[PDB]
Each structure stands twice: as C-alpha cells, then as structure tokens.
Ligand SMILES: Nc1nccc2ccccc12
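To begin, one chain is listed below as structure tokens, in the form deposited without this ligand.
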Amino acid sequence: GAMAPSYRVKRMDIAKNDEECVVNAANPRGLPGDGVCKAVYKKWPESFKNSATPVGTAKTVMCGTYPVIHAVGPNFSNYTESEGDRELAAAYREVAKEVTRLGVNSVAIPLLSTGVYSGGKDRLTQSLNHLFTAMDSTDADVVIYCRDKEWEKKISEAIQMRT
C-alpha cells in the first residue's frame, strides 16, 4: 500500500503516467478504439491480447511486468440513464478489485464514460463520484488523468473538498 494513500489529478496523456499500473477506458471488444484507448494501444499494444470483456467489468493484461487494467464503461448512447449509471459504478468496483489483487502502490485512472461514451452529456461529477465510491477502500495512490483545464480545476476542487 502507499504510506499515506492520496488522490491527485494531472492534465496530461495517461500514456505518460508515473504510476505502477494504468486503467484503460476500453471498448468491450479489445479494439484499439480512439482517445485514451488509442493512446494506451500505441504505448502498450501487447496488453490487447485477449483484452475483450463485457460492459461493467475490468480485465488485466500484462505488458511485460506493467499491468493494463481494461475497464469497460457503458456507452450512454445505448444504455438508459439508470442502467448506464449501474454499469459505470460496477466498472469502477471491478477496477478496485484488480488494483487490490495486483498489490500495486499506485494507479493512473481516466474518468470512464466522460468522452465518446458520454451520450453528449457532462458526466464529470457522476463518473468521479463512482471512482471515489470504489477506490476509497483501497490503499493505492490514485492519480486521475484528464485533458481539459476546466475539468482539471473541478476534479482538484472535488478532491480538496473531502480533505
């Protein structure tokens, strides 16, 4: 575990993280995809061997000794708000189980279902609150990755509001 488990946020490419493992915002089919998923495919292509897994689950594949946790958030274009919310919570619970099993002291994590799977809605608070629900009982240092300056400020405020 980390000596004093923390949350932090950084505004940069999650493919250049400084943590002991990465969470991919994966598609169910293990395809290279776009956005975070395509950056993760370029950096760790070996981790897409048999990475296909259903919505609401996470599947870890090792790139050398570096774990890639493929977490499949729901596409809100296809899911109802209710079922989508349940699957988004479940994906993060499966991430916490994998981070625990791996025994890592740190993990790089994107906000699931906030990009092309958002169904055109702002889901920063929804996704971050499910991330906290899952990861609060873990002792890894969590580093959240985002690309927007306003999102960075809002995620940082949410972290500091609890401290």
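One-based numbering along the sequence shown.
The form solved in complex with this ligand is left out here; the points below concern that form.
Only one of 36, 58, 135, 108 comes within 4.5 Å of this ligand in the deposited complex through a heavy atom, and that residue is 36.
In the deposited complex, this ligand sits within 4.5 Å of a heavy atom belonging to residue 13. Contact between residue 146 and this ligand in the deposited complex is found at the 4.5 Å heavy atom cutoff.
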